[PDB]
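Heads up, the thing below is written out as structure tokens.
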Amino acid sequence: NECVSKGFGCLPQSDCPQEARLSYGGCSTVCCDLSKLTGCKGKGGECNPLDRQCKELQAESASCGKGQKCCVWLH
């Protein structure tokens with residue numbers, strides 16, 4: 001697997017835009033570019049519920065979606 005070797009995220013070709021679809025050959029179906037979509041994970045962040053107190057960015061909140069907020073820690 002090469003995607004994981006570069007720190008990419010595997011996604012369905014339906015979720016992943018034809019522009020983000022990489023050729024790293026190492027995902028369930030297609031490799032998605034986290035640098036083009038979102039790097040909430042790469043920056044040491046994770047999806048958190050709206051009931052959880054944390055600092056979420058407007059561009060990172062998109063990652064999780066509606067009804068969720070991408071929180072980040074000092075990691």
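Residue numbering restarts at 1 in every chain; chains get A, B, ... in the order shown in the structure tokens, and ligands count up from 1 in that same order.
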
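Within chain A, the backbone-based DSSP assignment of strand (DSSP E or B) covers residues 9, 10, 11, 22, 30, 31, 32, 45, 46, 47, 48, 49, 56, 68, 69, 70, 71 and 72 of chain A.
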
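Put simply, atom CA of residue A:39 is 14.9 Å away from atom CA of residue A:74.
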
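Taking chain A and asking which residues DSSP calls helix (DSSP H, G or I) on the backbone, you get residues 3, 4, 5, 6, 34, 35, 36, 37, 58, 59, 60, 61, 62, 63 and 64 of chain A.
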
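Taking atom CA of residue A:32 and atom CA of residue A:51 as endpoints, the distance between them is 29.2 Å.
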
So that I can check the surroundings of residue A:9, please list as a PDB file with N, CA, C and O atoms, in the first residue's frame every protein, DNA and RNA residue that reaches within 8 Å of it, counting only C-alpha atoms and ignoring chain neighbours fewer than 6 positions away.
ATOM      1  N   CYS A   3      -0.652   4.673  -0.534  1.00  0.00           N
ATOM      2  CA  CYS A   3      -1.481   5.747   0.015  1.00  0.00           C
ATOM      3  C   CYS A   3      -1.135   6.030   1.479  1.00  0.00           C
ATOM      4  O   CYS A   3      -0.709   7.131   1.826  1.00  0.00           O
ATOM      5  N   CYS A  27      -5.689   1.664  -1.843  1.00  0.00           N
ATOM      6  CA  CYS A  27      -6.932   1.929  -1.144  1.00  0.00           C
ATOM      7  C   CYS A  27      -8.003   0.938  -1.552  1.00  0.00           C
ATOM      8  O   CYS A  27      -7.917   0.380  -2.641  1.00  0.00           O
ATOM      9  N   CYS A  31      -7.827   6.260  -3.922  1.00  0.00           N
ATOM     10  CA  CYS A  31      -7.155   7.114  -2.961  1.00  0.00           C
ATOM     11  C   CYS A  31      -7.627   8.558  -3.115  1.00  0.00           C
ATOM     12  O   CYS A  31      -7.685   9.057  -4.241  1.00  0.00           O
ATOM     13  N   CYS A  32      -7.933   9.213  -2.000  1.00  0.00           N
ATOM     14  CA  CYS A  32      -8.325  10.611  -1.956  1.00  0.00           C
ATOM     15  C   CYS A  32      -7.237  11.485  -1.342  1.00  0.00           C
ATOM     16  O   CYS A  32      -6.563  11.106  -0.376  1.00  0.00           O
ATOM     17  N   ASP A  33      -7.074  12.672  -1.918  1.00  0.00           N
ATOM     18  CA  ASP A  33      -6.106  13.650  -1.464  1.00  0.00           C
ATOM     19  C   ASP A  33      -6.634  14.446  -0.266  1.00  0.00           C
ATOM     20  O   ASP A  33      -7.438  15.368  -0.401  1.00  0.00           O
ATOM     21  N   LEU A  34      -6.158  14.118   0.934  1.00  0.00           N
ATOM     22  CA  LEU A  34      -6.530  14.847   2.146  1.00  0.00           C
ATOM     23  C   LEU A  34      -6.047  16.304   2.077  1.00  0.00           C
ATOM     24  O   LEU A  34      -6.692  17.206   2.581  1.00  0.00           O
TER      25      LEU A  34
END

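Considering the residues A:29, A:63, A:68, A:23 and counting only C-alpha atoms, residue A:48 has its shortest atom-to-atom contact with A:68.
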
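Compared by their closest atoms to residue A:62, and using only C-alpha atoms, the residues A:13, A:28, A:5, A:38 rank with A:38 nearest.
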
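Closest approach to residue A:61 from the set A:6, A:41, A:36, A:21 is made by A:41, with distances taken over only C-alpha atoms.
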
How many Å lie between atom CA of residue A:26 and atom CA of residue A:43, rounded to one decimal?
21.9 Å

Neighbours of residue A:40 within 10 Å (only C-alpha atoms; same-chain residues fewer than 6 positions away dropped), as a PyMOL selection string?
chain A and resi 34+46-47+56-57+59-64+70-72

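Counting only C-alpha atoms and comparing A:54, A:20, A:10, A:4, the residue that lies closest to residue A:37 is A:20.
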
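For the set A:19, A:30, A:75, A:35, the residue with the smallest atom-to-atom gap to residue A:7 is A:35, counting only C-alpha atoms.
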